[PDB]
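Structural overview for review
Each chain, written out:
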Amino acid sequence: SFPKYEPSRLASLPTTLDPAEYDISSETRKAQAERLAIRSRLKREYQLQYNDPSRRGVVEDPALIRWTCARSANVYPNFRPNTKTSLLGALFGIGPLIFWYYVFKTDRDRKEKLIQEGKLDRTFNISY
Amino acid sequence: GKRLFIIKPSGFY
Amino acid sequence: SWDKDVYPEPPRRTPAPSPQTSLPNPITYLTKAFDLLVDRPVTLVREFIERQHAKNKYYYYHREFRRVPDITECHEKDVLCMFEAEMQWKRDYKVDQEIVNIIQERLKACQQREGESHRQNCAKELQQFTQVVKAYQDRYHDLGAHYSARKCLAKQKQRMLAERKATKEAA
Amino acid sequence: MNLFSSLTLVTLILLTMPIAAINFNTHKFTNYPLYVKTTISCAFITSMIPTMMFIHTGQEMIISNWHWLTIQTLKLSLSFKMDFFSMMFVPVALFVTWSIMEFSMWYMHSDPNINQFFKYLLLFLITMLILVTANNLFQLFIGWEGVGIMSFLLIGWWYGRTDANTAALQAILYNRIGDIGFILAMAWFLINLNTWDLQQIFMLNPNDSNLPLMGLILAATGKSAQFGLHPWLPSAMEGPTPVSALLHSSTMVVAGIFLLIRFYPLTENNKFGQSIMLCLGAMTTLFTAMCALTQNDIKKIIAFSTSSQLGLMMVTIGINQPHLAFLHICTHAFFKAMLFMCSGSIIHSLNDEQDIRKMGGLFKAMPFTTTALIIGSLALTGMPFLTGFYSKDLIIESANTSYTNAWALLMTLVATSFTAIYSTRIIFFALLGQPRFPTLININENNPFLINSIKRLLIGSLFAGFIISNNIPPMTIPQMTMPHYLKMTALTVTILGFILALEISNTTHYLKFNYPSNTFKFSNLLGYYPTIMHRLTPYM
Amino acid sequence: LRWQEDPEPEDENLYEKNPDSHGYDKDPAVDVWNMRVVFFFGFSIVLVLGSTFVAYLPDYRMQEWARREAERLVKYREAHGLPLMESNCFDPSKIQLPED
Amino acid sequence: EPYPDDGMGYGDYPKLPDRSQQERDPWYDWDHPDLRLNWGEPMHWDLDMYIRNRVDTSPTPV
Amino acid sequence: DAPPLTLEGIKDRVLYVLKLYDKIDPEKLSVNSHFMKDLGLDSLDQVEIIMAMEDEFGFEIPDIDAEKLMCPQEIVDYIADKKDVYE
Amino acid sequence: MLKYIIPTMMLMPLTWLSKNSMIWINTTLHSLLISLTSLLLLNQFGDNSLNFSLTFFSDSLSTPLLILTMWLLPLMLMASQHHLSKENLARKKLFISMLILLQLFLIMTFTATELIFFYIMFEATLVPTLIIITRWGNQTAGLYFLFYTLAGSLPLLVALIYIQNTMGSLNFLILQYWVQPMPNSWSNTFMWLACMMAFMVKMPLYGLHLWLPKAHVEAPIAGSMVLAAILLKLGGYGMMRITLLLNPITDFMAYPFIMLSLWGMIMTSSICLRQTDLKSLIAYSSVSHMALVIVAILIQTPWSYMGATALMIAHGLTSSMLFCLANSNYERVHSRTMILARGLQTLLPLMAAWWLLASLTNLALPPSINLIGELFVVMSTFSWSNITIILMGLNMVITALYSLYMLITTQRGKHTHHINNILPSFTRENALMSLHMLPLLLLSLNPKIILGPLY
Amino acid sequence: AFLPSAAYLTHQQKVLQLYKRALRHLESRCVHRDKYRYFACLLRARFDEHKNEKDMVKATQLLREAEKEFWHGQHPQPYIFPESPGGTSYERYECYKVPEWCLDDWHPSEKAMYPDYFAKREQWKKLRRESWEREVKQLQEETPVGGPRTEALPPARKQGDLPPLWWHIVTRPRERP
Ligand SMILES: CCCCCCCCCCCCCCCCCC(=O)OC[C@H](COP(=O)([O-])OC[C@H](O)COP(=O)([O-])OC[C@H](COC(=O)CCCCCCCCCCCCCCCCC)OC(=O)CCCCCCCCCCCCCCCCC)OC(=O)CCCCCCCCCCCCCCCCC
Ligand SMILES: CCCCCCCCCCCCCCCCCC(=O)OC[C@H](COP(=O)([O-])OCC[N+](C)(C)C)OC(=O)CCCCCCCCCCCCCCCCC
Ligand SMILES: CCCCCCCCCCCCCCCCCC(=O)OC[C@H](COP(=O)([O-])OCC[N+](C)(C)C)OC(=O)CCCCCCCCCCCCCCCCC
Ligand SMILES: CCCCCCCCCCCCCCCCCC(=O)OC[C@H](COP(=O)(O)OCCN)OC(=O)CCCCCCCCCCCCCCCCC
């Protein structure tokens, strides 16, 4: 009949064609009421301190401080040696080093072999 | 007339 | 001014303008307006300032460095003589750099001044440039950032061994 | 001698003087944009005298006036090169810029940062005239990075908007990908020819010059929005309309084309560089002019228009005809700046409305804008004996009659038809039809700034192709003997594009609803190229 | 409960007690004299006279000399027919070679 | 829901559903209207990456 | 460009749109005239009235505010809230 | 050099005998007098260095480092006097004395004629820096010091004592003339690593770089300025002095570490695109810029040394200005989160103009000396291998991006609603920005003084 | 889906939003006014053909295939109003929307240029700071225990009191600063 939208990680499924928008069950009602409750509570606790005339400063977000402390300060104690992390620390840590090392060594051995034979065009090359 | 006040930061300093 | 021997130029031959049409061009009138309004006040100001220069004439000099013994007739690990040889070689290295720069200036000026016929008319300047760049490359190339008279002499000895072996295998 | 070089440097110092004026201030200016417009008027009048005494003789020279740096064999001097390219690009750029700024006194009149806007626009003009008067690759790199940085600063002019900063950073990314190739070219010329000065590069005449020309082609692909690196120019319509009119039609986006024109003695000895330029230019002028066929934002349509014309310039560099490409630059500047100015007048009249689906009825509602935009569209399509006839058709006359890639020629002709298709698309949706815009008509174009600014570029779009094409000396031999089906190629395929797109336009008044197939969804989503590479490559 | 501790003091605003504050110090005479000291010995002393001093360095690392000396030597070797530069830096007569 | 425990160092941080800030409600009264986000709500791990200057998750008609 | 609108002008333009509409009699239309309760209109007609307002003034009202404008007085008040008139 | 060391030490009674409100003004005034005095170091010649005594000499490598070092002290005193206005007066004089003692160590680190005196001054600079970072830093193991001194300083000590016993002297002027070729062996290989790895860590090298984006964050402003402006350049200065002795072994032993830098300036630059901390972004940018100095020293061509000393001076200026801009935001929002405070051009236009200039010199906009150093390093590495230009050019894409992303994140967009303590720019702060940027712009008018011993 | 006041869209609100977005994409497909007018009456009649349907599951089924019809017949670039999000002129003047509190940090010689304005602003500040504690104690007894359930704010009740959380709504910047 009609083409289905197939999702992507870089182009996600819309709000309309997702089936969990068109569920009318009671647990969806209660989860939406709980998310409305938490969002309204945090909205109120925000815009009290936001409109507070005694406060002349920065309304600190614990979520933003939590995100900044997550991106930098939770790195090392939650590092465990296993298959995936060590194979990615070897594949992405020393792999491209070996790649560029053999490429640059091959290229400079080729160039030095051409130069010591007197075969490379080095006529007006006096800046180096 | 009916001019509106330009809300701007302090350009004096 | 400068020396026309170290900066050679062919004689500039312009043709006299023969206007085929009757319309007076704005170029000659703007040239005479430039000569009245601009050239003469600048010239009179320069005459007054040049008189003010000539009211106190005084001279500076080009420093002359006498030749000291080179690195070859210095004893090994004798810093008092090989220091002098090293400063001699450094001043000569910088002067050779500026000689190569002068030849580059000649080559670029020849190319622009000849215009489209530069590949015909500047074969001599290109040949002198090829000579001086071949000499600079045999003399100073690949010495590295810690270049010295010792490294240059070692390169010259290796080049002379290659040339001697090349001449000996030819005979 | 004393007049030529003096007025040459007086033009540049005169452009630098209002920068000192805006920087040495305390008070509030008595119309500083009027001061900069008067300054650029005077710089145009100053630069016209060396142009006239180049038309008279052909007097080229070089002003190597300030010895700046000597790196052991490299005498970097402040070196200006007054040849045919500077003498024919500087007065055109000054005339277009003076028209853009008298347009900008009206379009940006409610801006409280109008002084910063004209300062940035004059800084762009200074950097571009550094770019086109440069004699070594370092000063050309100064002008190159200068127009890149002023592209950043003038795309992100309304910096509170996220998409403006997004488009500015995108434009920076694609221009630095071009800068990879330009620094590759500088590196090759320093290591193999010991120079950045153009004179020694042209004199030493390298034979194995594949790598530096590939570097220059990558620089032009970044700068002139060719294929692979084009999407920043459709994104770059986010800024103000005089930014997209001055920079991204006529002055900045021709710099990669100007770089490949400047290096014509190297490209004329290499068939591989000519083949790469011909293929990439035909690819660009196909793809961008095809993506213009399905857009509704008018600045997007004229951005794809100017990128298609840049691809045509890349084609006529690829056929070893550089002076025709440069004449197409100096021709293209007038009417493409005028088309952006008329589109901006339509935008400002319709209360910041850029969508052609909410336009119409502007034939008699905006009669001067109607007249000027019709003349601009005709000079775009190659109407006979308008300014766009005096280069573009000649391009086709040398694209047919040479030892050429045939598929590149055929894509050039398809692009020539597509130009007429989107030109009558612009005329049909914008000026023709019925009003589709909202009900409080505040349509007005009665400012002497707007009238005079469109008027001078309209005199340009009527006369400048004839005047410049008759004032040049012949640097090539024009191919003037060809069969009659091959002489009449570009005009016939242009008229066929006109008629086929009039059929396409008359389909819109039929009361029939059709589902859009893969062609319309392909072209309307920008050939699918800014979708993947802007989501997938920064993710990895 | 936890130890007896002074609370976190709030950051002071230097425009409250001094709308002509330069940010150097809270005492206004000390603040304006710190501004004058910074602006005199920063810009009027170091930058202006420093650009003037660096602008007139007496032939910094003798490049100009080396141009002019080059303008001697090429002039010397256009007259005597000598080539513009030898391939050897030193005399090959005063070099002993390792024999073979 | 947290990230998979392999030792990459995410900790107890939530796996947000990996949608960008373009699909967030553009007309809603946000606390951070340029980022379209609310106070106290747990941000995405790549909140610097899913900004509207950068990589999107929005659906295309093709 | 962009002339300063007044509440009398905005009210006259809103009632001028709604008197060009064939399901509204122009002698019964007032500023307090509810659409579902004084004009008896459909919710689809209310959506089309808000869309006519959007095509009229040149901006979009979100659906969270489009589903709640049920008389022209609230429409003029919302346009006054989103245009800052009587400055 | 004794005409500079003695005023530097007279700054100690000038900072302790002064009045309770005069210890910023006197120290700033007289340190600016010493910085004006510092231009007499430009008595340089094309052949011979400016050799003062047996202990001190100053060629064209150490001279711009000395001028930048003596210029950095008044700028650090301007930077650090705001947040120390709530500090005790005696601890305030302790801070100024630590800065003066650090300047004292640096100005005779760069002019040490003899190499073990260079080593003692080089490892003496770490003590005032560590006192400043640990005492006047903000937040809270210590294994970095141990890993530094195992692979670094004491192998360098044993190496220099070995050179002392073999050659007979560690005078650099004698070692210019008594340098011997160092052949391929294992003894010479560990000798080369023992000479090089201390400066490798002090640059930093990629893979050994993680100490720096934490030491910059845990520092005050003067500590960050003296780290990124001078103390990272002690590694480059020591390498340019020690690669004389290390030939021709470097011609096959520079192959690993160049890889670590040529990929490292790709990685850390990309790490700068994924930062939340502004000060860590400036730190990883400093690592990505010092990687090219490592490459240019290890390939040891003349164009590479000219580009590397130009890049050292230009990066000291640019990174110090970026840390002072980050200080100006940290002293308003009290948080180093880059995504917290946005849209600051709407409030602080001149400070946003200084941000614009600092980001333009960060991404090497010509004709700045950043671009001069960057360009000459790229020319020399293109001469090294014709593939590295890709790894250069990709770097010169990313070095634009985070320079402008940092400009777009903080200074552009919608301003943050819940931050209302954004004061206007104080005159001290704009003075600090201008004294960073105006020397950096004026050196574009005459760059030959910052191009090293072999211009 | 995501609403400030409520927590869900109703079936009636889903039909209204799908109808309105359907007409907007239709007008994007139907550029000319009379052609869109004819097709808009056709789409109105097709929505009227299933208006009086009482089974909710069958209505949700028809709404599901209506979403498939909507996704099948959509325009790639729909028409977006300029000040609307996604438009070309959206958030353009947010670089000119300077907040009000920076007016509290001017020099007095540039406050003396506008004497009446700041003399009139001080009573706004006085009204705010003597209304704040009254509207706080109005919030803390009118909000139920466990936080407020919805994001709707109450109005004032007493003749002489201001609504709660009002200052940055009244002192928000103009659309054209
Ligand atoms: C030795 C003698 C030397 C004499 C000559 C001086 C040489 C240059 C020195 C520096 C000049 C600029 C200084 C001011 C800029 C910074 C502060 C600022 O924003 O002021 C704005 C302010 C006016 O604006 P405003 O409205 O009042 O406030 C700002 C707004 O709020 C908001 O601001 P905004 O965004 O609207 O405005 C910022 C705008 C923003 O614009 C940009 O960011 C665009 C710039 C980049 C693209 C365009 C240029 C590309 C490169 C080409 C140019 C260089 C080569 C040209 C040559 C030909 C080709 C080779 O930039 C400018 O307007 C600056 C123009 C000059 C830029 C210089 C280069 C900076 C670019 C980055 C580095 C490039 C490499 C280094 C080049 C160095 C050349 C010397 O100007 C002043 O108040 C000026 C005060 C006096 C300045 C003195 C400078 C010299 C100090 C040295 C003292 C000792 C020596 C004695 C010399 C004294 C001379 C008077
Ligand atoms: C606006 C005010 C101007 C001055 C007004 C009042 C004075 C009266 C009017 C006349 C002017 C003054 C007298 C004439 C001028 C002095 C003549 C003279 O001897 O000049 C000495 C010299 C001439 O050069 P030089 O070759 O003699 O000396 C250079 C020194 N060596 C050789 C050692 C390297 O300097 C100048 O003339 C400087 C003029 C500079 C003009 C352009 C500046 C551009 C800045 C760009 C910076 C970055 C560039 C990077 C790229 C470069 C290219 C790769
Ligand atoms: C040094 C290492 C440490 C770094 C930090 C140092 C901090 C301490 C600071 C100490 C004082 C400053 C030291 C550096 C001084 C550098 C300046 C200097 O001396 O220069 C000498 C240079 C010398 O150049 P020169 O080599 O030609 O000199 C000729 C030689 N004499 C003078 C003897 C004949 O001075 C100039 O170039 C001055 C030229 C005129 C002024 C500039 C004109 C152009 C300006 C721009 C015009 C507009 C163009 C378009 C732009 C539009 C906007 C973008
Ligand atoms: C002669 C030969 C010619 C050869 C031609 C072909 C070669 C080049 C191939 C294509 C390379 C460029 C395209 C891929 C990257 C594109 C990145 C980009 O532009 O992203 C844009 C994106 C925002 O754009 P968009 O979403 O469209 O904006 C709508 C408004 N919200 O912006 C963002 O999402 C921000 C992203 C920031 C982080 C980017 C991280 C990745 C950086 C990649 C650098 C690439 C370096 C290439 C080096 C090449 C060396 C030879």
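What counts, and where the lines are drawn
Residues numbered from 1 in each chain as written, not as in the entry; some residues may be left out. Chains lettered and ligands numbered in written order. Part of a larger assembly, values for the part shown. Heavy atoms only, no water. Helix = DSSP H or I, 4+ residues; strand = E, 2+ residues; numbered from the N terminus. Rg over C-alpha atoms; globule rule 2.2 N^0.38 Å. Buried < 20%, exposed > 50% of the residue type's maximum accessible area, 1.4 Å probe, protein only. Contact = heavy atoms within 4.5 Å. Areas by Shrake-Rupley, 256 points an atom, 1.4 Å probe, with all protein chains shown as cover. Near = heavy atom within 4 Å. Polar contact = N/O pair within 3.5 Å; in protein donor to acceptor, adjacent residues only side chain to side chain. Nonpolar A, V, L, I, M, F, W, Y, C, P; charged D, E, K, R; others polar. Core = buried A, V, L, I, M, F, W, Y, C linked by side-chain atoms within 4.5 Å. Buried area = accessible area lost by both parts, 1.4 Å probe. Pairing = 2+ DSSP bridges. Salt bridge = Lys/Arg side-chain N within 4 Å of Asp/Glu carboxyl O.

Looking at the method and resolution fields of the entry, one finds cryo-EM and 2.9 Å.

Topic: the overall build of chain C
Helix and strand counts for chain C come out as five helices and zero strands. The C-alpha atoms of chain C give 26 Å as radius of gyration, which overshoots the globular expectation for 171 residues (16 Å, by more than 25%). Reported as C-alpha extents along the three principal axes, the dimensions of chain C are approximately 80 × 50 × 25 Å. Every one of the 171 residues in chain C was classed for burial, and the buried ones make up 35%. Sequence-distant contacts, at least 24 apart, represent 52% of the contacts inside chain C between residues at least 6 apart. For chain C, the exposed area adds up to about 11,800 Å²; of that, 56% sits on carbon and sulfur atoms.

Quick look at the site of ligand 4
Taken together, the neighbourhood of ligand 4 is formed by 23 residues, with D:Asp163, D:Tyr174, D:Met533, D:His534 and F:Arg54 sitting nearest. Around ligand 4 the close residues trace back to chains D, F and H. Between ligand 4 and D:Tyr174, the relevant distance is 3.5 Å, taken from an oxygen atom to a side-chain nitrogen or oxygen of the residue. D:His534 places a side-chain nitrogen or oxygen 2.8 Å from an oxygen atom of ligand 4. Contact with the protein chains removes 72% of the 1,300 Å² of surface that ligand 4 exposes when unbound. Only α6 (162-193) and α8 (210-223) of chain D together with α20 (388-411) of chain H provide two or more residues apiece to the shell around ligand 4. Broken down by element, the residue count for the shell around ligand 4 peaks at seven residues, all from α6(D).

Some points on the site of ligand 2
Every one of the 14 residues lining ligand 2 counts as a neighbour, but D:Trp66, D:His67, D:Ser77, D:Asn136 and E:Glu64 are closest to it. Residues within reach of ligand 2 are spread across chains D, E and H. Considered on its own, ligand 2 offers 1,300 Å² of accessible surface; in the complex 39% of this is hidden by protein. Taken together, the elements giving at least two residues each to the shell around ligand 2 come down to β1 (61-71), β2 (74-82) and α5 (137-155) of chain D together with α2 (63-79) of chain E. Across the shell around ligand 2, the residue classes break down as eight nonpolar, five polar and one charged.

Points about the nonpolar core
The biggest cluster of nonpolar side chains holds 468 residues, and the ones touching the most others in it are D:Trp196, D:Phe263 and D:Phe326. Residues in contact with D:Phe263, not counting those within four places in the same chain, are D:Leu137, D:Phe189, D:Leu198, D:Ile201, D:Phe202 and D:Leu216. Counting residues in hydrophobic clusters, the runner-up holds 26 residues, among them G:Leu18, G:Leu29, G:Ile61 and G:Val85.

Concerning the side chain of D:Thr267
Residues and elements named next belong to chain D. Tracing the chain through its elements places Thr267 in helix α12 (residues 264-267). Classification of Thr267 as buried rests on a relative accessible area of 5%. Within the structure, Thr267 has its side chain in polar contact with the backbone oxygen of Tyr264 (distance 3.2 Å). Once residues within four sequence positions are removed from consideration, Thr267 is found in contact with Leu213, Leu260, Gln274 and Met277.

Quick word on the interface of chain H and chain C
Interfaces are often described in size by the accessible area the parts lose on coming together. Residue-level contacts link 17 residues of chain H with 16 residues of chain C. Summing both sides of the interface, chain H and chain C together bury roughly 1,600 Å²; the carbon and sulfur share of this comes to 57%. Contact with chain C buries surface across chain H, with H:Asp47, H:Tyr177 and H:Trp178 losing the most and accounting together for 46% of the total. For the pair chain H and chain C, the number of links is nine residue pairs in polar contact.

What about the pairing of β1(D)?
Residue and element names in this part refer to chain D. The pairing of β1 with β2 spans nine bridges and is classified as antiparallel. Bridge assignment links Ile63 to a residue of β2, and that residue is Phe80. Where β1 folds back on β2, the antiparallel hairpin that results is connected by two residues, among which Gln72 adopts a positive phi of roughly 60°.

Focus on the interface of chain D and chain H
With 35 residues of chain D at the contact, the number on the chain H side is 40 residues. Buried surface at the junction of chain D and chain H, summed over both partners, amounts to about 3,400 Å²; 79% is from carbon and sulfur atoms. A per-residue breakdown of the area chain D buries against chain H is headed by D:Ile71, D:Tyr159 and D:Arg176, which together make up 18% of the total. At the boundary of chain D with chain H, the tally comes to zero salt bridges.

Some points on the arrangement of the chains
For the non-touching pair chain A and chain B, the nearest C-alpha separation works out to 17 Å. Kept free of each other, chain A and chain G leave a smallest C-alpha distance of 15 Å between them.

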